[PDB]
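Chains as they are written, first to last, in the authors' numbering: chain Bb, 2 to 145; chain Br, 55 to 268; chain BN, 2 to 211; chain BQ, 19 to 221; chain Bm, 8 to 105.
Every residue, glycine too, gets a C-beta built ideally from N, C-alpha and C.
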Amino acid sequence: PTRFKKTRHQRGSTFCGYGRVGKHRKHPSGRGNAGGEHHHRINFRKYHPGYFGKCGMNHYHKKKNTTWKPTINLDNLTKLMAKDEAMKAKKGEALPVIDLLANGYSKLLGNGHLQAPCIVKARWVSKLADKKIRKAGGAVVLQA
Amino acid sequence: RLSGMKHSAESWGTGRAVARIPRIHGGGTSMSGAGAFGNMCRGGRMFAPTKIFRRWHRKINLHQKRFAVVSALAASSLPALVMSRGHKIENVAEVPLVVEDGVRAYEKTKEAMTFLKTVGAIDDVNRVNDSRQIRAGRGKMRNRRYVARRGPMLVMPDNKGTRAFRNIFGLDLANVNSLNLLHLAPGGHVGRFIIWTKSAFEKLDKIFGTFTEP
Amino acid sequence: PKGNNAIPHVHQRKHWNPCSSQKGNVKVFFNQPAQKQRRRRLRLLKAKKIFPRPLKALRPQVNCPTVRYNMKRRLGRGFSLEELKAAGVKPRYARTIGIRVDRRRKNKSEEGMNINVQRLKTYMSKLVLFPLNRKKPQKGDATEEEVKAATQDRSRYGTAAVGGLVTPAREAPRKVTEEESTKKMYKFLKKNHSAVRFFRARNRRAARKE
Amino acid sequence: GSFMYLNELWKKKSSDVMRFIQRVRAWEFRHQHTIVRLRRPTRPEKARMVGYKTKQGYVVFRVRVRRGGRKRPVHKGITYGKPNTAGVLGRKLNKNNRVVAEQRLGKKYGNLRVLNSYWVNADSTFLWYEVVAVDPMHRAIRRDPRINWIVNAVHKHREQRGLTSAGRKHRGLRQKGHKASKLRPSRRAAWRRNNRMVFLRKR
Amino acid sequence: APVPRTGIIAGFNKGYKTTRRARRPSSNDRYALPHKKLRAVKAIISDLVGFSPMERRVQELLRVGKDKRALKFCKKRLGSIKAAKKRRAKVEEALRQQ
RNA sequence: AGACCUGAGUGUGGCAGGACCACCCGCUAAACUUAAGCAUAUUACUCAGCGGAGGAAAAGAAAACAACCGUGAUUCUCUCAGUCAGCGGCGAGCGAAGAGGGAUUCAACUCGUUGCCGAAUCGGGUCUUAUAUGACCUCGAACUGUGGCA
RNA sequence: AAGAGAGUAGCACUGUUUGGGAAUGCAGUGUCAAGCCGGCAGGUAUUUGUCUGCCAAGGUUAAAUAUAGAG
Ligand SMILES: [Mg+2]
Ligand SMILES: [Mg+2]
Ligand SMILES: [Mg+2]
Ligand SMILES: [Mg+2]
Ligand SMILES: [Mg+2]
Ligand SMILES: [Mg+2]
Ligand SMILES: [Mg+2]
Ligand SMILES: [Mg+2]
Ligand SMILES: [Mg+2]
Ligand SMILES: [Mg+2]
Ligand SMILES: [Mg+2]
Ligand SMILES: [Mg+2]
Ligand SMILES: [Mg+2]
Ligand SMILES: [Mg+2]
Ligand SMILES: [Mg+2]
Ligand code: NA
Ligand code: NA
Ligand code: NA
C-alpha cells in the first residue's frame, strides 16, 4: 500500500532522507557488481571470500536424474509405518515390512536409537545401519 | 505506452534565456516552442506510467481460507454479533433459524413473501428496500449507479428451489456446498442473518467435520 | 553503503519492457479463466457429436525410464505390434475401433507385454460394435436393442473397460529368516560394487604380473 | 533397372570420360544467358528423384550464379564503430548458392511455383543449377492428386521463405535432437520462447 | 533371453530381474547384408570409365612398395582413416587382378 | 525432298506485378549504453533496411532420447533452472536439454528406387440431361517413361 | 528375390554463430566417400575392438500456440 510508505512521511521535508551535502544522485559507485576488485574489494573479501577464482573438475551434460539418491536415518523409520505397527512387533514376532522406494528414498543411514524392529527394502545401505538393524531383530533386503 | 511522447521535441540548450526543457518543433500552431515530454508539462507524459503486469491477484493458504469460513459461520450463531452488524432480528425465534424443506417447492413469488413474513425475516428485507439510493461520486458514471444494503441469507442443499425466491430485492441465495466468505462476512465484518433449510443444516457435519472427526 | 547481502544476478538487461521506444517481450495470463471455459465447452460439444463413442481412445501401460522413475507407471502412445498379434487383432483394423497403435515400441520383457495383452482382451470383450448396415448384419455384431443400451464413456482417461494401472501389491508382515539375521548386506553390496569399479585396475595388475 | 547404371555412372565425376563431357558442356553454358529454358532435363534420373514428372505443366530452367565470398557494400570499403565489426572481404553469406539460384528464378517468373533443384556443372567463375517448376493454372496439374497441393495459396513463393530443400539446409533443419534444440521450430521462434517475460496471474 | 539380471544394483548385472524377450527381427538389418546387384553394376561402370588420377598416384606408390606413404596420401584426400584403408585395399586388389 | 534436333514469328486461352503488413517466414544488420577508463565482451543474433504468405504461420512422422523394470511425430504449458550443467579481460555478465504432471490427438500418408506389366496415362473433339476418374476418335504430347499392381 | 535419394555426407583452411567447452549450427573455396564384415549418433582429442539406438542427402499433413501501433 502507498499510504504506509516513507514517501507519505516525507511530504514537506525537501530531501527525503538523502541529505543536503551528499545528495541523491544516480550510480555514484557504478552499476551492479562493478569494481569488485578495485573500490569494493573490502566488501567482497569480508563477506564473499570465495567469489573470485576457479575450483575443481568439470562435467558436461550433467543429467541430474542419474544421481537421484534421497536418504533416511534409522531414527525416522517410525514415520513410514502405521501407528499401531510401531508397538505391535518385537524381536521374535512378525515384523512390518517397509519398502523405501515407494516412499521415495534410496539409501538407509543409521543414526540414533532404533525404536522397533522391522524389515527394510533399500537400494543402498550403510555399515552402521546394517549392524544396528541386525542387532535389534530386523534385516535389510536389497532392492533395485 | 505512447501517450504524451508522440512529438519530435528537443531541448533548445543553454544561452537562450529559457529553461532547459524539451520543446516542440515547427511553427504556425501555437504549440511551437511549447514544453514537451515532461511530467510537469501540459500534454506531456505522466510520472511512472501504469502497466498491466502489476500484481492484481493474491494467493491464500488453503487452510487459512477454511479457517476464515468456519469462524464466520460461528459468528452468525450469536444474536449479539448479528444485531451489532446491522440486521433486524427482533421478531425471529431460535437463532440460528432452521425452516422445513417445503420451501424448495414454491413456484410463485407471492408464496415466498408470505413465508418471509411468517418467520419474521421481512424486517431485514424492508431495511434493504428503504436504503436504496443513488451512489455519491464518480461511481454513478461507471455502471454502478445505485447502492443498497445486505439482507438475509437463504441456504439451500443445491441449486433447485430458486425460482420463487429470486426477484425478491434484498434476499440472497446460497448453496451449502461452496459457501462464500465474501458473502458470509460482507465488508470484513462477521455475523450475518442466515436462514437454513433443514436439508442444508444436516449437511454441515459432513462438510466441515467436528472435533476428532475429519 | 552495501552490507552483507547476496550477489543479485537478476538478469533483466534485454529491453523486455514496453515503453515509448520498445515494443517489449511479455506474456500475461488474463485469458486463463476464459480459456478454461472454452476448452470445457469444446469437450462437451465433441462428446455430443461422436456419441456413443468413448471420449478417449485406448492406450497401453508403460514404465518410466531412468532410476528416478523406475517404479512408476503411466500411459503410452499406442499398442505394440507384438501385443496386437498376441491378442489376434489386425493393426489397421484396430485403429478403426478406437485402439491406439504404435509401430515403434519394442516390448523388451514379457511382464510389460502380458499386462498390455490383457488390456486388449478385456476391451474386446466389452465392445458392442454397432453393425455397419442395420438391415443386414454380418459377423458377430451388436444385436437389436443392444444398440439402444449403449452409453458414452467420459472417464477423461479411457478407463471405463480396462481400469487403472497395475502395480505389485505391498508385502505382508513376516518373520526374519535365520540367514537374514546373520548375513552382512553392506559387505555383500560393496563387494559387487568394487568388482565393477576396480575392473580396470585389477586387470592392469594381473597383466603386469603376467 | 536402367536407373542403377545412370546413377552409378554419375558417381565417377573425376574420371577421364566424365571430365571430358563436363568440360565441353561448361564451355557451352558460358556462352548463354543467366536463365535459359530447356525442353528436357540434362540429368533425367536426378530430376525425377526431386519431383519432375515429364507431364504437361512441369518445366525445367538452368540458372547461373557467381562463385566466391560476399563483399560488403560499404562506401570505399570503410566501416565504422567497434573494430570487431570490421572487414569487407573475409565474410560469407549465410545462404547457400543452391537457394540463391531458386530465388532468382522465382522472382523473375511470378506465374510459376518452384519445386526443387539440383547441381549440374561448375567452373572457376560460375556454377550451374537446374530448377524444376510447375504452373498452377494448368488442368493437368490441378487434377493430379500428387501435385495439386501446390495450387493452394499458402505455397506462393515458398522458395523466398526458405521452405525448399536448399532452404531447410541453411536453416539447420537437417539436424534433430540435441544438435538443433535452439532452432527447431525456427531460430526466432526459439528466441521468443526463451526471452519473453512471463507473469502468472497468482505468481 | 540374454543374460538374466541379478536382483541388486551394482555387480556386472544391475538388478530388477525380468524375463528379457530376445528381440524383433525388424527390416533395417538388410542394410548390413551384401548387395550383389549393386556390386555387379559398379563392376560394369568401373570397367567403362577406368581409373581416376587419385587412384593412379596410389597405384604408382604401391608398385614401388611405399605402403605407409600410400595410406598418408589417401587419408589427406579422403578424410577419415577408415576410408583411407578401404581405398588402399581396393586399388591393391585391382592391381592384383590385372 | 523429307525427317529429327535446336531456335524464331503470329494467333487462341490463362497467370505475375500494386495494396495491407499487428502477429508469422527468409536475409541484411548498428550505435548510444554497461564494464565506474577501454579494444574482446555487453546492449543484440535487437532497432533501422530488403523480400514473401495466411487466417494463423512455421514445425511435424526419428540417420530421436536414453543407459532404465526402458520411452516413441510435431507444437504449447508448469517444472527442470538463474542451475554446486556450462560459456566469460573466468571480469561485467550470459545460459539451455533429457526425464516428470498436463492441453491436443479414431493422425497419418507417398514420390523416386527394387520386382511384374508396358500407353492401360495426359490434352483436344463428339455422345450419354455430364468441359463424368464413362464410352468412341485422334500420323496431338509421351517409350530420353505417363500410369497399374506388390 | 532384390533395392531404398552423390560434387551428397565427410575432411582442410577461413569467417560467422552457439551454453556447446582439442571446435553447437551454418557459409565460401580446395579435396571428396562407403554399401564383402555398411553409414550416422552415443557432450574430452587420437588408433583399435565391442554394445545400444536409428537409416540423411525427395514431398504433403488438422488440433492444442501468436496477434507487442492490422482488418
Ligand atoms: Mg529535519
Ligand atoms: Mg535516508
Ligand atoms: Mg553519498
Ligand atoms: Mg496527456
Ligand atoms: Mg561511508
Ligand atoms: Mg518516439
Ligand atoms: Mg507483393
Ligand atoms: Mg492479406
Ligand atoms: Mg563505460
Ligand atoms: Mg560512468
Ligand atoms: Mg567514453
Ligand atoms: Mg502449413
Ligand atoms: Mg546472447
Ligand atoms: Mg513412375
Ligand atoms: Mg511443410
Ligand atoms: Na465530490
Ligand atoms: Na526491423
Ligand atoms: Na560437398
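Keeping to the same chain, check which residues put their C-beta closer than 6 angstroms to that of residue i; ignore five residues upstream and five downstream.
i, result
"Bb:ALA137", "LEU115, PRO118"
"Bm:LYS21", "none"
"BN:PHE131", "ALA143, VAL148"
"residue 147 of chain Bb", "This structure cannot speak to residue 147 of chain Bb, because chain Bb is shown only from 2 to 145."
"Bb:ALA87", "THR79, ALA117"
Cβ-heavy atom distance between residue i and ligand 15 below 8 angstroms?
i, result
"BQ:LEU133", "no"
"BQ:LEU191", "no"
"BQ:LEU111", "no"
"BQ:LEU181", "yes"
May I ask you to check if the CB of residue i is nearer than 8 angstroms to at least one heavy atom of ligand 2?
i, result
"Bb:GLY23", "no"
"Br:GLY82", "no"
"Bb:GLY18", "yes"
What I want to know is whether the C-beta of residue i ends up closer than 8 angstroms to one or more non-hydrogen atoms of ligand 6.
i, result
"Br:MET59", "yes"
"Bb:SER14", "no"
"BN:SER21", "yes"
Looking at residue i and ligand 16, is the gap between the Cβ and the nearest heavy atom below 8 angstroms?
i, result
"Br:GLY193", "no"
Is there a Cβ of chain Bb sitting closer than 9 angstroms to that of residue i, yes or no?
i, result
"BN:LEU166", "no"
Excluding the 5 residues preceding and the 5 following residue i in the sequence, name in chain order all residues of the same chain whose CB lies nearer than 8 angstroms to its CB.
i, result
"BN:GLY99", "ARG54, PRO55, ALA58, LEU59"
"BQ:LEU56", "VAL78, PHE79, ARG80, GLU148"
"BQ:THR97", "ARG90, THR103, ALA104, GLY105, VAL106"
"BQ:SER204", "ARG189"
Spatial neighbours of residue i within its chain, please: CB distance less than 7 angstroms, with the 5 preceding and 5 following residues excluded, ordered by chain position.
i, result
"BQ:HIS175", "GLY124"
Taking only beta-carbon positions, decide if residue i is within less than 9 angstroms of chain BN.
i, result
"residue 146 of chain Bb", "Since the first and last residues shown for chain Bb are 2 and 145, residue 146 of chain Bb lies out of range."
"BQ:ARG206", "no"
"Bm:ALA91", "no"
Taking only beta-carbon atoms, is residue i less than 9 angstroms away from chain Br?
i, result
"BN:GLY25", "yes"
"BQ:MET215", "yes"
"BQ:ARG90", "no"
Cβ of residue i less than 9 angstroms from any chain BQ Cβ?
i, result
"Bm:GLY57", "yes"
"Bm:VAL71", "no"
"Bm:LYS24", "no"
Flag residue i as yes if its beta-carbon sits less than 9 angstroms from any beta-carbon of chain Bm, otherwise no.
i, result
"BQ:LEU27", "yes"
"Bb:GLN116", "no"
"BN:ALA196", "yes"
"BN:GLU112", "yes"
Cβ-heavy atom distance between residue i and ligand 12 below 8 angstroms?
i, result
"BQ:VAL172", "yes"
Could you check whether the Cβ of residue i sits closer than 8 angstroms to any heavy atom belonging to ligand 3?
i, result
"Bb:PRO29", "yes"
Using only the heavy atoms of ligand 5, determine whether one of them is closer than 8 angstroms to the beta carbon of residue i.
i, result
"BN:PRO34", "no"
>> Is it the case that the segment 149-158 of chain BN contacts the segment 113-126 of chain BN, given that we only count it when at least three CB pairs across the two stretches are under 8 angstroms?
In response: As far as the Cβ criterion goes, the segment 113-126 of chain BN does not touch the segment 149-158 of chain BN, which means the pair count is below three.
> Touching or not, the segment 76-87 of chain BQ and the segment 136-151 of chain BQ, by the rule of three or more beta carbon pairs under 8 angstroms?
Replying inline: Contact between the segment 76-87 of chain BQ and the segment 136-151 of chain BQ is present: 3 or more CB-CB pairs across the two stretches fall below 8 angstroms.
> Is there contact between the segment 173-189 of chain Br and the segment 145-153 of chain Br, where contact requires at least three CB pairs shorter than 8 angstroms?
Replying inline: For the pair of segments examined, the segment 173-189 of chain Br was found to touch the segment 145-153 of chain Br: the number of CB pairs separated by less than 8 angstroms reaches three.
> If we count Cβ pairs, one from each stretch, closer than 8 angstroms, do we get three or more for the segment 257-266 of chain Br versus the segment 214-222 of chain Br?
Replying inline: no
> Can you give, in chain order, each stretch of the beta strand (DSSP E) that sits fully within the segment 44-118 of chain Bb and has at least 3 residues?
Replying inline: 72-74, 98-100, 108-110
> Do the segment 71-91 of chain BN and the segment 192-203 of chain BN touch if we need at least three Cβ pairs shorter than 8 angstroms?
Replying inline: no
> Where in the segment 54-122 of chain BQ do unbroken runs of the beta strand (DSSP E), each at least 3 residues long, occur, reported from the N-terminal end onward?
Replying inline: 76-84
>> With three or more C-beta pairs closer than 8 angstroms as the rule, is the segment 25-40 of chain Bm touching the segment 103-119 of chain BN?
In response: yes
> Using 8 angstroms as the Cβ pair cut-off and three pairs as the minimum, do the segment 72-84 of chain BN and the segment 200-212 of chain BQ touch?
Replying inline: no
>> What ranges does the beta strand (DSSP E) occupy inside the segment 132-203 of chain BQ, keeping only unbroken runs of at least 3 residues that lie completely in it?
In response: Runs of the beta strand (DSSP E) inside the segment 132-203 of chain BQ: 144-152.
> Do the segment 129-137 of chain BQ and the segment 60-72 of chain BQ touch if we need at least three Cβ pairs shorter than 8 angstroms?
Replying inline: yes
> In chain order, which continuous runs of the beta strand (DSSP E) of length 3 or greater are located wholly inside the segment 48-104 of chain BN?
Replying inline: 62-64, 74-76
> Three or more beta-carbon pairs under 8 angstroms between the segment 95-107 of chain Br and the segment 18-35 of chain BN, yes or no?
Replying inline: yes
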